[PDB]
Amino acid sequence: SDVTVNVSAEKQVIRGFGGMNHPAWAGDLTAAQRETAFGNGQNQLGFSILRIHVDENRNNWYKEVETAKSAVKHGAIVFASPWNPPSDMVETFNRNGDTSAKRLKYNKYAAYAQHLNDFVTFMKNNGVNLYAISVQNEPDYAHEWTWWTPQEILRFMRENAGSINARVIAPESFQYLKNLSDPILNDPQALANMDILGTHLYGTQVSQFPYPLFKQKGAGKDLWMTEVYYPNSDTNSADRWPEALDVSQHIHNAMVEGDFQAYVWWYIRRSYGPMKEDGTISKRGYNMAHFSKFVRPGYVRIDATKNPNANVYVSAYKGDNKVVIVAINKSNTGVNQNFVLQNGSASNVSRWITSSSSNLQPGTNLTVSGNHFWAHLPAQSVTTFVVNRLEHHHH
């Protein structure tokens with residue numbers, strides 16, 4: 001019942017939260033949008049990770065710059081994800097009685113790597129140092145891009161990933177299918193060439209969110225959730241309540257059962273995304289803000305009773321002499337929840353609340369009496385708490 005938050009029990013170090021931009025596919029973000037996405041002011045998402053795509057055709061690369069730049073100016077990091085290598089690098093092969101399936105040609109592996117590097121360079125030349133670049137987007141769901149089998153990816157990791165002058169994301173499975181990435185963890189050599197394990201969660205059940213292999217072999221390595229939308233992509237859904245609570249608990253789980261350090265959503269602007277086509281922040285977006293604006297890059301998740309009451313779900317982070325808590329209630333019934341702070345101390349507590357008729361609405365300040373506080377989590381809401389740790393280290 002009691003949520004106890006162990007300030008001492010550090011888990012993963014967060015890199016950020018964010019969305020995808022794709023100007024050719026969804027139209028660029030606009031100046032104003034750019035900063036609804038990356039500003040952290042009132043009514044901005046404070047996204048601190050932008051994802052952009054590496055376009056097979058290098059004379060489109062420039063499409064990416066203005067928005068990257070914005071992100072980079074706001075202190076967000078940016079990584080890039082290739083869908084297809086340059087068309088002349090690709091052969092049609094037979095995937096289960098499928099005359100049509102495409103793949104990188106076995107002997108373009110180094111050309112492909114150059115192409116990646118070129119992109120990383122081009123961005124650099126336009127004032128944008130990519131944080132990371134991915135080998136392939138959903139290589140295991142390539143019906144309409146480039147297929148790569150686990151062993152194909154394994155070689156590129158072994159023989160090519162090493163070249164790329166940027167951190168290397170792989171292998172971006174559409175659904176976190178571990179067959180596509182074990183080959184890498186289990187190969188101390190491919191493992192050397194990897195910097196971030198990256199996946200999507202499309203249709204991945206909570207039970208598949210954990211990954212012992214990685215926990216075993218991936219020390220020094222990053223875990224990112226580089227793509228999902230959830231719970232659906234129903235055109236014009238981004239304001240449904242209580243539906244959008246789901247986006248919230250989804251991230252909850254990403255963070256907690258998954259130890260993902262980053263959570264990247266699909267299109268940022270989109271009738272079904274965090275920011276609606278009118279420029280405006282959606283309920284889904286609000287569910288996203290509750291993390292993205294308070295759990296700043298470099299914060300660290302910590303142990304905290306995750307599921308203290310029916311439909312109540314909880315996660316905690318620390319940074320900046322703060323502990324940020326995220327408490328989600330999914331009953332039609334508001335609940336009094338008590339919070340214990342173990343191995344740390346707090347002066348005071350601030351909070352914001354998204355419900356059916358409220359987004360990121362400032363709530364009532366609280367003072368930490370014992371080493372605990374109580375707070376009511378309204379029916380179908382997500383509350384986020386910023387606790388202020390005590391000071392005498394002159395800060």
# chains A, B, ... in the order shown; residues from 1 in each chain; ligands from 1
>>> closest_atom_pairs(of="stretch 22-110 of chain A", to="stretch 127-136 of chain A", cutoff="8 Å", atoms="only C-alpha atoms", output="CSV")
residue,atom,partner,partner_atom,distance
A:65,CA,A:128,CA,7.5
A:68,CA,A:128,CA,6.7
A:69,CA,A:128,CA,6.0
A:72,CA,A:128,CA,6.8
A:77,CA,A:131,CA,5.9
A:78,CA,A:130,CA,5.4
A:79,CA,A:132,CA,4.6
A:80,CA,A:133,CA,4.8
A:81,CA,A:134,CA,4.9
A:82,CA,A:136,CA,5.3
A:83,CA,A:136,CA,6.0
A:84,CA,A:136,CA,7.6
>>> write_last_selection(atoms="N, CA, C and O atoms", output="PDB file, in the first residue's frame")
ATOM      1  N   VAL A  65      17.822  19.477 -41.023  1.00  0.00           N
ATOM      2  CA  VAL A  65      18.642  20.431 -40.263  1.00  0.00           C
ATOM      3  C   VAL A  65      17.923  21.455 -39.352  1.00  0.00           C
ATOM      4  O   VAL A  65      18.153  21.502 -38.140  1.00  0.00           O
ATOM      5  N   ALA A  68      16.503  19.879 -36.306  1.00  0.00           N
ATOM      6  CA  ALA A  68      17.581  19.277 -35.483  1.00  0.00           C
ATOM      7  C   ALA A  68      18.240  20.366 -34.624  1.00  0.00           C
ATOM      8  O   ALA A  68      18.071  20.411 -33.423  1.00  0.00           O
ATOM      9  N   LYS A  69      18.982  21.244 -35.279  1.00  0.00           N
ATOM     10  CA  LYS A  69      19.276  22.579 -34.793  1.00  0.00           C
ATOM     11  C   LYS A  69      18.368  23.127 -33.661  1.00  0.00           C
ATOM     12  O   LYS A  69      18.828  23.441 -32.560  1.00  0.00           O
ATOM     13  N   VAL A  72      18.780  20.818 -30.840  1.00  0.00           N
ATOM     14  CA  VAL A  72      20.135  20.919 -30.320  1.00  0.00           C
ATOM     15  C   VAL A  72      20.280  22.244 -29.567  1.00  0.00           C
ATOM     16  O   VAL A  72      20.993  22.358 -28.604  1.00  0.00           O
ATOM     17  N   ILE A  77      19.185  15.968 -27.246  1.00  0.00           N
ATOM     18  CA  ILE A  77      20.109  15.240 -28.115  1.00  0.00           C
ATOM     19  C   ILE A  77      19.329  14.758 -29.328  1.00  0.00           C
ATOM     20  O   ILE A  77      18.107  14.716 -29.289  1.00  0.00           O
ATOM     21  N   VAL A  78      20.036  14.422 -30.407  1.00  0.00           N
ATOM     22  CA  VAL A  78      19.375  13.926 -31.607  1.00  0.00           C
ATOM     23  C   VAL A  78      20.059  12.670 -32.116  1.00  0.00           C
ATOM     24  O   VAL A  78      21.257  12.690 -32.334  1.00  0.00           O
ATOM     25  N   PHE A  79      19.302  11.592 -32.306  1.00  0.00           N
ATOM     26  CA  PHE A  79      19.793  10.452 -33.072  1.00  0.00           C
ATOM     27  C   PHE A  79      18.989  10.223 -34.363  1.00  0.00           C
ATOM     28  O   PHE A  79      17.839  10.736 -34.543  1.00  0.00           O
ATOM     29  N   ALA A  80      19.609   9.453 -35.255  1.00  0.00           N
ATOM     30  CA  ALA A  80      19.063   9.237 -36.572  1.00  0.00           C
ATOM     31  C   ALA A  80      18.901   7.739 -36.929  1.00  0.00           C
ATOM     32  O   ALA A  80      19.672   6.875 -36.497  1.00  0.00           O
ATOM     33  N   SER A  81      17.884   7.446 -37.726  1.00  0.00           N
ATOM     34  CA  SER A  81      17.508   6.072 -38.003  1.00  0.00           C
ATOM     35  C   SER A  81      17.268   5.962 -39.468  1.00  0.00           C
ATOM     36  O   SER A  81      16.413   6.663 -40.000  1.00  0.00           O
ATOM     37  N   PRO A  82      18.035   5.087 -40.125  1.00  0.00           N
ATOM     38  CA  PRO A  82      17.940   4.776 -41.530  1.00  0.00           C
ATOM     39  C   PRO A  82      16.815   3.779 -41.789  1.00  0.00           C
ATOM     40  O   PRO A  82      16.705   2.784 -41.076  1.00  0.00           O
ATOM     41  N   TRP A  83      15.989   4.033 -42.800  1.00  0.00           N
ATOM     42  CA  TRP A  83      15.004   3.045 -43.227  1.00  0.00           C
ATOM     43  C   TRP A  83      15.467   2.152 -44.371  1.00  0.00           C
ATOM     44  O   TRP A  83      15.173   0.969 -44.415  1.00  0.00           O
ATOM     45  N   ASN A  84      16.176   2.740 -45.301  1.00  0.00           N
ATOM     46  CA  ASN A  84      16.624   2.057 -46.485  1.00  0.00           C
ATOM     47  C   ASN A  84      18.000   2.596 -46.850  1.00  0.00           C
ATOM     48  O   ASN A  84      18.233   3.801 -46.775  1.00  0.00           O
TER      49      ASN A  84
END
>>> residues_around(residues="stretch 298-302 of chain A", least_positions_apart="5", cutoff="8 Å", atoms="only C-alpha atoms", output="number ranges by chain")
A: 5-16, 315-320
>>> atom_distance(atom1="atom CA of residue A:309", atom2="atom CA of residue A:364")
22.2 Å
>>> residues_around(residues="stretch 236-249 of chain A", least_positions_apart="5", cutoff="9 Å", atoms="only C-alpha atoms", output="ChimeraX atom specification")
/A:229-231,254,270-276,281-288,290-291,313-314,328-330,355-357,380-382
>>> write_last_selection(atoms="N, CA, C and O atoms", output="tab-separated table (two decimals), in the first residue's frame")
chain	number	residue	atom	x	y	z
A	229	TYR	N	4.12	3.97	-30.72
A	229	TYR	CA	2.96	4.71	-30.27
A	229	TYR	C	2.04	3.75	-29.54
A	229	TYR	O	2.09	2.57	-29.77
A	230	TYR	N	1.21	4.26	-28.66
A	230	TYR	CA	0.46	3.44	-27.75
A	230	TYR	C	-0.63	4.31	-27.15
A	230	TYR	O	-0.43	5.51	-26.98
A	231	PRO	N	-1.79	3.73	-26.85
A	231	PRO	CA	-2.19	2.33	-27.03
A	231	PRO	C	-2.63	2.02	-28.47
A	231	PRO	O	-2.93	0.88	-28.77
A	254	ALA	N	7.90	1.11	-19.31
A	254	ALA	CA	9.15	1.12	-20.07
A	254	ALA	C	10.28	1.30	-19.06
A	254	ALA	O	11.28	0.63	-19.09
A	270	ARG	N	0.77	14.84	-34.70
A	270	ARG	CA	-0.01	13.81	-35.38
A	270	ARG	C	-1.30	13.63	-34.66
A	270	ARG	O	-1.34	13.62	-33.42
A	271	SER	N	-2.38	13.49	-35.41
A	271	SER	CA	-3.69	13.45	-34.76
A	271	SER	C	-3.70	12.45	-33.60
A	271	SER	O	-4.58	12.51	-32.74
A	272	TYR	N	-2.75	11.53	-33.56
A	272	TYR	CA	-2.73	10.54	-32.50
A	272	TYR	C	-1.52	10.63	-31.64
A	272	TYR	O	-1.28	9.71	-30.89
A	273	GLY	N	-0.77	11.72	-31.76
A	273	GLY	CA	0.46	11.91	-30.98
A	273	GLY	C	0.44	12.96	-29.87
A	273	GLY	O	-0.59	13.60	-29.59
A	274	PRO	N	1.60	13.17	-29.24
A	274	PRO	CA	1.66	14.00	-28.05
A	274	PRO	C	1.32	15.44	-28.34
A	274	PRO	O	0.90	16.17	-27.45
A	275	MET	N	1.50	15.87	-29.59
A	275	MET	CA	1.19	17.25	-29.99
A	275	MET	C	0.28	17.25	-31.21
A	275	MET	O	0.70	16.81	-32.29
A	276	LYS	N	-0.95	17.72	-31.04
A	276	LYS	CA	-1.99	17.68	-32.10
A	276	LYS	C	-1.67	18.57	-33.32
A	276	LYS	O	-0.87	19.51	-33.25
A	281	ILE	N	-0.75	20.75	-27.48
A	281	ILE	CA	-0.37	19.53	-26.75
A	281	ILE	C	-1.56	18.61	-26.46
A	281	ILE	O	-2.54	19.06	-25.91
A	282	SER	N	-1.47	17.34	-26.81
A	282	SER	CA	-2.58	16.45	-26.55
A	282	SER	C	-2.52	15.87	-25.16
A	282	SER	O	-1.48	15.89	-24.52
A	283	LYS	N	-3.65	15.33	-24.70
A	283	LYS	CA	-3.70	14.55	-23.49
A	283	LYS	C	-2.62	13.50	-23.51
A	283	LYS	O	-1.89	13.30	-22.52
A	284	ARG	N	-2.48	12.82	-24.64
A	284	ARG	CA	-1.35	11.91	-24.77
A	284	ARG	C	-0.03	12.63	-24.52
A	284	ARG	O	0.77	12.17	-23.72
A	285	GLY	N	0.18	13.76	-25.19
A	285	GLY	CA	1.29	14.64	-24.89
A	285	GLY	C	1.45	15.00	-23.42
A	285	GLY	O	2.56	14.94	-22.88
A	286	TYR	N	0.35	15.37	-22.77
A	286	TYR	CA	0.38	15.61	-21.33
A	286	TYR	C	0.88	14.39	-20.54
A	286	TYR	O	1.83	14.47	-19.73
A	287	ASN	N	0.26	13.24	-20.78
A	287	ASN	CA	0.85	12.04	-20.20
A	287	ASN	C	2.34	11.92	-20.48
A	287	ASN	O	3.09	11.34	-19.70
A	288	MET	N	2.79	12.44	-21.61
A	288	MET	CA	4.20	12.34	-21.87
A	288	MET	C	4.99	13.37	-21.09
A	288	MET	O	6.06	13.09	-20.57
A	290	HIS	N	4.45	14.50	-18.14
A	290	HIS	CA	4.60	14.23	-16.74
A	290	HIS	C	5.96	13.61	-16.40
A	290	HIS	O	6.40	13.66	-15.23
A	291	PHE	N	6.62	13.04	-17.41
A	291	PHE	CA	7.99	12.52	-17.28
A	291	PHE	C	8.92	13.50	-17.91
A	291	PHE	O	9.93	13.91	-17.33
A	313	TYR	N	0.00	3.21	-10.12
A	313	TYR	CA	1.34	2.79	-10.59
A	313	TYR	C	2.37	3.86	-10.37
A	313	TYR	O	2.10	5.01	-10.64
A	314	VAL	N	3.54	3.48	-9.85
A	314	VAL	CA	4.48	4.50	-9.34
A	314	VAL	C	5.95	4.34	-9.73
A	314	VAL	O	6.49	3.25	-9.76
A	328	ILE	N	0.23	7.38	-11.06
A	328	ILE	CA	-0.92	7.20	-11.94
A	328	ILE	C	-2.03	6.40	-11.27
A	328	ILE	O	-1.82	5.27	-10.79
A	329	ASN	N	-3.23	6.98	-11.28
A	329	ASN	CA	-4.43	6.32	-10.84
A	329	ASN	C	-5.43	6.02	-11.98
A	329	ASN	O	-5.95	6.93	-12.65
A	330	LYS	N	-5.73	4.74	-12.19
A	330	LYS	CA	-6.61	4.39	-13.28
A	330	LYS	C	-7.98	3.84	-12.90
A	330	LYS	O	-8.67	3.32	-13.75
A	355	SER	N	-5.90	15.34	-15.47
A	355	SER	CA	-7.09	14.51	-15.45
A	355	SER	C	-7.90	14.73	-16.74
A	355	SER	O	-7.41	15.25	-17.73
A	356	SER	N	-9.17	14.35	-16.71
A	356	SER	CA	-10.05	14.49	-17.84
A	356	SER	C	-10.30	15.94	-18.17
A	356	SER	O	-10.63	16.26	-19.31
A	357	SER	N	-10.17	16.81	-17.18
A	357	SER	CA	-10.60	18.20	-17.32
A	357	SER	C	-9.49	19.12	-16.85
A	357	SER	O	-9.74	20.26	-16.42
A	380	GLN	N	-8.62	8.53	-12.35
A	380	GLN	CA	-8.10	8.60	-13.73
A	380	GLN	C	-7.19	9.79	-13.98
A	380	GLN	O	-7.47	10.63	-14.80
A	381	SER	N	-6.07	9.87	-13.27
A	381	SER	CA	-5.22	11.06	-13.37
A	381	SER	C	-3.76	10.64	-13.39
A	381	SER	O	-3.43	9.53	-13.03
A	382	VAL	N	-2.87	11.51	-13.81
A	382	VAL	CA	-1.50	11.24	-13.48
A	382	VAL	C	-0.97	12.42	-12.70
A	382	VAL	O	-1.05	13.54	-13.16
>>> atom_distance(atom1="atom CA of residue A:28", atom2="atom CA of residue A:297")
24.6 Å
>>> decode(residues="stretch 259-276 of chain A", atoms="N, CA and C atoms", output="PDB file, in the first residue's frame")
ATOM      1  N   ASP A 259      13.722  -0.824 -17.614  1.00  0.00           N
ATOM      2  CA  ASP A 259      14.966  -0.118 -17.416  1.00  0.00           C
ATOM      3  C   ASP A 259      15.500   0.587 -18.678  1.00  0.00           C
ATOM      4  N   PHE A 260      14.593   0.981 -19.565  1.00  0.00           N
ATOM      5  CA  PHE A 260      14.918   1.888 -20.646  1.00  0.00           C
ATOM      6  C   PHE A 260      15.316   3.285 -20.159  1.00  0.00           C
ATOM      7  N   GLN A 261      16.346   3.841 -20.775  1.00  0.00           N
ATOM      8  CA  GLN A 261      16.891   5.127 -20.381  1.00  0.00           C
ATOM      9  C   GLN A 261      16.353   6.235 -21.240  1.00  0.00           C
ATOM     10  N   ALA A 262      15.496   5.863 -22.171  1.00  0.00           N
ATOM     11  CA  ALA A 262      15.015   6.800 -23.149  1.00  0.00           C
ATOM     12  C   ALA A 262      13.783   6.161 -23.616  1.00  0.00           C
ATOM     13  N   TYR A 263      12.853   6.970 -24.089  1.00  0.00           N
ATOM     14  CA  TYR A 263      11.552   6.483 -24.541  1.00  0.00           C
ATOM     15  C   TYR A 263      11.191   7.376 -25.692  1.00  0.00           C
ATOM     16  N   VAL A 264      11.264   6.872 -26.910  1.00  0.00           N
ATOM     17  CA  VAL A 264      10.966   7.785 -27.999  1.00  0.00           C
ATOM     18  C   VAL A 264       9.663   7.457 -28.693  1.00  0.00           C
ATOM     19  N   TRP A 265       8.785   8.420 -28.787  1.00  0.00           N
ATOM     20  CA  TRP A 265       7.482   8.173 -29.392  1.00  0.00           C
ATOM     21  C   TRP A 265       7.619   8.407 -30.886  1.00  0.00           C
ATOM     22  N   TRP A 266       6.671   7.893 -31.676  1.00  0.00           N
ATOM     23  CA  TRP A 266       6.607   8.157 -33.124  1.00  0.00           C
ATOM     24  C   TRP A 266       6.415   9.647 -33.410  1.00  0.00           C
ATOM     25  N   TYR A 267       5.800   9.966 -34.551  1.00  0.00           N
ATOM     26  CA  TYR A 267       5.577  11.363 -34.967  1.00  0.00           C
ATOM     27  C   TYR A 267       5.218  12.259 -33.810  1.00  0.00           C
ATOM     28  N   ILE A 268       5.875  13.399 -33.699  1.00  0.00           N
ATOM     29  CA  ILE A 268       5.553  14.282 -32.616  1.00  0.00           C
ATOM     30  C   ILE A 268       4.249  14.982 -32.854  1.00  0.00           C
ATOM     31  N   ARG A 269       4.078  15.530 -34.049  1.00  0.00           N
ATOM     32  CA  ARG A 269       2.797  16.141 -34.398  1.00  0.00           C
ATOM     33  C   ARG A 269       1.988  15.097 -35.138  1.00  0.00           C
ATOM     34  N   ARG A 270       0.766  14.838 -34.700  1.00  0.00           N
ATOM     35  CA  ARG A 270      -0.009  13.813 -35.378  1.00  0.00           C
ATOM     36  C   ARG A 270      -1.305  13.632 -34.655  1.00  0.00           C
ATOM     37  N   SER A 271      -2.383  13.490 -35.412  1.00  0.00           N
ATOM     38  CA  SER A 271      -3.688  13.447 -34.765  1.00  0.00           C
ATOM     39  C   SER A 271      -3.704  12.447 -33.599  1.00  0.00           C
ATOM     40  N   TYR A 272      -2.745  11.531 -33.562  1.00  0.00           N
ATOM     41  CA  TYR A 272      -2.732  10.535 -32.499  1.00  0.00           C
ATOM     42  C   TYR A 272      -1.525  10.632 -31.638  1.00  0.00           C
ATOM     43  N   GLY A 273      -0.770  11.723 -31.761  1.00  0.00           N
ATOM     44  CA  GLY A 273       0.459  11.912 -30.983  1.00  0.00           C
ATOM     45  C   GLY A 273       0.444  12.963 -29.874  1.00  0.00           C
ATOM     46  N   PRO A 274       1.604  13.172 -29.239  1.00  0.00           N
ATOM     47  CA  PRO A 274       1.665  13.996 -28.047  1.00  0.00           C
ATOM     48  C   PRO A 274       1.320  15.445 -28.344  1.00  0.00           C
ATOM     49  N   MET A 275       1.499  15.866 -29.588  1.00  0.00           N
ATOM     50  CA  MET A 275       1.194  17.254 -29.987  1.00  0.00           C
ATOM     51  C   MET A 275       0.283  17.249 -31.207  1.00  0.00           C
ATOM     52  N   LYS A 276      -0.950  17.721 -31.038  1.00  0.00           N
ATOM     53  CA  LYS A 276      -1.993  17.679 -32.104  1.00  0.00           C
ATOM     54  C   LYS A 276      -1.670  18.568 -33.322  1.00  0.00           C
TER      55      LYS A 276
END
